[PDB]
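The block underneath contains the structure these notes are about, expressed in structure tokens.
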Amino acid sequence: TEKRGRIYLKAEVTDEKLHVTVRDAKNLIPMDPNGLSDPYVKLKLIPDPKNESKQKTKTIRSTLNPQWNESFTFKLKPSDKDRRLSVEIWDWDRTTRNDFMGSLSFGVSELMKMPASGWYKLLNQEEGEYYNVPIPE
């Protein structure tokens with residue numbers, strides 16, 4: 001439906017490189033029967049027809065408030081001017097398919113103008129690939 005928690009990130013473009021820091025997320029919704037989840041974050045630059053830009057944080061077991069503190073770097077190219085940084089939280093599972101938890105995205109153009117920083121509301125999978133919602137509140 002709609003409330004999936006929030007995540008704190010930092011993203012910036014410097015000298016043809018995109019730097020992203022995934023700090024932590026709060027109030028995630030349990031996808032595991034146990035009432036918790038095993039979250040990890042997938043980062044990519046889309047569209048990614050060749051599927052070459054994927055990066056992911058480690059999976060943190062049994063928590064609804066993960067603190068990854070991981071940084072990533074993407075080497076950019078001109079065409080990236082029209083791409084977006086997609087950030088998705090998934091719930092790792094031992095025996096079933098991993099479940100989508102929440103996501104968002106930023107335009108590489110957006111970031112070149114203004115770096116991202118702070119808390120953001122997690123969105124549903126489809127919509128997450130098109131926009132982001134800061135939470136300065």
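Please note that chains go A, B, ... in the order of the structure tokens, that every chain numbers its residues from 1, and that ligands are numbered from 1 in the order shown.
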Practice item. Based on DSSP run over this structure's backbone, return all residues of chain A in helix (DSSP H, G or I), as a PyMOL selection string. Key: chain A and resi 78-82+108-113+125-128
Shell of 8 Å around region 86-102 of chain A, only C-alpha atoms, local chain residues under 5 positions omitted, as a PDB file with N, CA and C atoms, in the first residue's frame:
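Below is the file selection_21.pdb, written as the result:
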```pdb
ATOM      1  N   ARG A   4       6.339   2.296   4.154  1.00  0.00           N
ATOM      2  CA  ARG A   4       7.416   1.326   4.135  1.00  0.00           C
ATOM      3  C   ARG A   4       8.637   1.739   4.921  1.00  0.00           C
ATOM      4  N   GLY A   5       8.568   2.892   5.574  1.00  0.00           N
ATOM      5  CA  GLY A   5       9.711   3.345   6.344  1.00  0.00           C
ATOM      6  C   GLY A   5      10.507   4.385   5.584  1.00  0.00           C
ATOM      7  N   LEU A  28      11.147  -0.290   8.861  1.00  0.00           N
ATOM      8  CA  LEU A  28      10.827  -1.148   7.727  1.00  0.00           C
ATOM      9  C   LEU A  28       9.736  -2.132   8.133  1.00  0.00           C
ATOM     10  N   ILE A  29       9.037  -2.657   7.142  1.00  0.00           N
ATOM     11  CA  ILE A  29       7.965  -3.585   7.410  1.00  0.00           C
ATOM     12  C   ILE A  29       8.418  -5.018   7.205  1.00  0.00           C
ATOM     13  N   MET A  31       8.893  -8.727   6.308  1.00  0.00           N
ATOM     14  CA  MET A  31       8.507  -9.556   5.166  1.00  0.00           C
ATOM     15  C   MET A  31       8.700 -11.025   5.556  1.00  0.00           C
ATOM     16  N   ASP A  32       9.323 -11.243   6.711  1.00  0.00           N
ATOM     17  CA  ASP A  32       9.559 -12.598   7.203  1.00  0.00           C
ATOM     18  C   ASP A  32       8.518 -12.919   8.293  1.00  0.00           C
ATOM     19  N   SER A  37      12.979  -8.663   9.188  1.00  0.00           N
ATOM     20  CA  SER A  37      13.421  -8.822   7.818  1.00  0.00           C
ATOM     21  C   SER A  37      14.949  -8.862   7.808  1.00  0.00           C
ATOM     22  N   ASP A  38      15.514  -9.166   6.644  1.00  0.00           N
ATOM     23  CA  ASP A  38      16.962  -9.264   6.455  1.00  0.00           C
ATOM     24  C   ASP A  38      17.269  -8.376   5.254  1.00  0.00           C
ATOM     25  N   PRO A  39      17.267  -7.066   5.488  1.00  0.00           N
ATOM     26  CA  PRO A  39      17.508  -6.067   4.442  1.00  0.00           C
ATOM     27  C   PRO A  39      18.876  -5.829   3.841  1.00  0.00           C
ATOM     28  N   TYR A  40      18.855  -5.503   2.554  1.00  0.00           N
ATOM     29  CA  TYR A  40      20.055  -5.114   1.827  1.00  0.00           C
ATOM     30  C   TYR A  40      19.533  -4.147   0.786  1.00  0.00           C
ATOM     31  N   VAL A  41      20.428  -3.311   0.277  1.00  0.00           N
ATOM     32  CA  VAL A  41      20.060  -2.293  -0.685  1.00  0.00           C
ATOM     33  C   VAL A  41      20.744  -2.551  -2.015  1.00  0.00           C
ATOM     34  N   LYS A  42      19.970  -2.459  -3.085  1.00  0.00           N
ATOM     35  CA  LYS A  42      20.473  -2.649  -4.438  1.00  0.00           C
ATOM     36  C   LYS A  42      20.539  -1.262  -5.036  1.00  0.00           C
ATOM     37  N   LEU A  43      21.667  -0.934  -5.666  1.00  0.00           N
ATOM     38  CA  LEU A  43      21.829   0.376  -6.276  1.00  0.00           C
ATOM     39  C   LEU A  43      22.109   0.184  -7.744  1.00  0.00           C
ATOM     40  N   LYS A  44      21.477   0.965  -8.605  1.00  0.00           N
ATOM     41  CA  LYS A  44      21.764   0.869 -10.024  1.00  0.00           C
ATOM     42  C   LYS A  44      21.410   2.129 -10.775  1.00  0.00           C
ATOM     43  N   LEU A  45      22.003   2.226 -11.959  1.00  0.00           N
ATOM     44  CA  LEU A  45      21.772   3.358 -12.833  1.00  0.00           C
ATOM     45  C   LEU A  45      20.904   2.815 -13.938  1.00  0.00           C
ATOM     46  N   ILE A  46      19.708   3.370 -14.066  1.00  0.00           N
ATOM     47  CA  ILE A  46      18.751   2.890 -15.044  1.00  0.00           C
ATOM     48  C   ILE A  46      18.386   3.973 -16.062  1.00  0.00           C
ATOM     49  N   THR A  59      23.816  -7.781   3.512  1.00  0.00           N
ATOM     50  CA  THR A  59      22.510  -8.083   4.064  1.00  0.00           C
ATOM     51  C   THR A  59      22.667  -8.053   5.578  1.00  0.00           C
ATOM     52  N   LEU A 122      10.411   5.758   1.675  1.00  0.00           N
ATOM     53  CA  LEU A 122      10.473   4.600   0.775  1.00  0.00           C
ATOM     54  C   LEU A 122       9.171   4.407   0.036  1.00  0.00           C
ATOM     55  N   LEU A 123       9.284   4.171  -1.270  1.00  0.00           N
ATOM     56  CA  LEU A 123       8.131   4.026  -2.145  1.00  0.00           C
ATOM     57  C   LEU A 123       7.943   2.630  -2.680  1.00  0.00           C
ATOM     58  N   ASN A 124       6.804   2.404  -3.335  1.00  0.00           N
ATOM     59  CA  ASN A 124       6.524   1.103  -3.907  1.00  0.00           C
ATOM     60  C   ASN A 124       7.453   0.917  -5.092  1.00  0.00           C
ATOM     61  N   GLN A 125       7.664  -0.328  -5.506  1.00  0.00           N
ATOM     62  CA  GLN A 125       8.632  -0.626  -6.549  1.00  0.00           C
ATOM     63  C   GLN A 125       8.474   0.091  -7.882  1.00  0.00           C
ATOM     64  N   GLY A 128       8.929   3.925  -7.376  1.00  0.00           N
ATOM     65  CA  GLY A 128      10.264   4.272  -6.919  1.00  0.00           C
ATOM     66  C   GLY A 128      11.263   4.569  -8.035  1.00  0.00           C
ATOM     67  N   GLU A 129      11.046   4.007  -9.218  1.00  0.00           N
ATOM     68  CA  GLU A 129      11.963   4.269 -10.316  1.00  0.00           C
ATOM     69  C   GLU A 129      11.770   5.653 -10.949  1.00  0.00           C
TER      70      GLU A 129
END
```
Study note, to complete from the structure: Shortest contact to residue 62 (chain A), candidates A:107, A:47, A:30, A:136, atoms counted only C-alpha atoms, goes to A:30
Check your understanding: Taking into account only C-alpha atoms, which residue in the set A:104, A:23, A:3, A:110 is nearest to residue 80 (chain A)?
Key -> A:110
Check your understanding: What are the DSSP strand (DSSP E or B) residues of region 1-69 of chain A, as an MDAnalysis selection string?
Key -> chainID A and resid 6:14 17:26 39:46 55:56 67:69
